[PDB]
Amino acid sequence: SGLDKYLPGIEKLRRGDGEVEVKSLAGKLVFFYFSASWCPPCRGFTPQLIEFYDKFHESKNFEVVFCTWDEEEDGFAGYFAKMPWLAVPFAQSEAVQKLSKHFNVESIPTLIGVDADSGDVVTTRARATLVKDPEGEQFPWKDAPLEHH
């Protein structure tokens, strides 16, 4: 895929106490969710993305991949246990730290959605738009063309 740029060499992701192949994300919009258990504004945003996800990840053809800023593995494990989507393994935090820099993530929560097939960036403002569009009437909230982000 186009995700090789963002998760170089990462062939699988965690899902629950299992694993899924990255290649299984083809054709979907893939949201990188930068968050952590210790982050105060993240605690109330997570459930709101969980509700959206449970509703629409199959019909709206998207996936969400937790990219943790947790540094303690029990914090990460505990937060990931409440989530219904995928994560970059805690053992591959270095890949998350590099992606965080790649997208200039300055604070969390932050959600970035990219096309899994081409790797283009489709939206960088979904954390701000989701809370005002719970039903996803403007999803995927594309970033406005012809500008900078």
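Under this definition, the rigid core comprises the largest set of C-alpha atoms superposing within 1.5 Å between the forms. In case it trips you up, residue 1 is the first one in the sequence shown, and so on.
- Of the two segments 76-84 and 45-53, the one whose CA positions lie farther from the displayed form in 4 other deposited structures of this protein, once all are superposed on the rigid core, is 76-84.
- When the other structures are laid on the shown form by the rigid core, the stretch among 110-118 and 66-74 with the greater C-alpha deviation in 4 other deposited structures of this protein turns out to be 66-74.
- Looking at mean Cα B-factors across 53-61 and 106-114, the upper value is held by 53-61.
- As recorded in the PDB entry, 22-30 is the stretch of 64-72 and 22-30 with the greater mean C-alpha temperature factor.
- In the PDB entry, a CA B factor belonging to the lowest third of its chain's modelled residues is recorded for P41.
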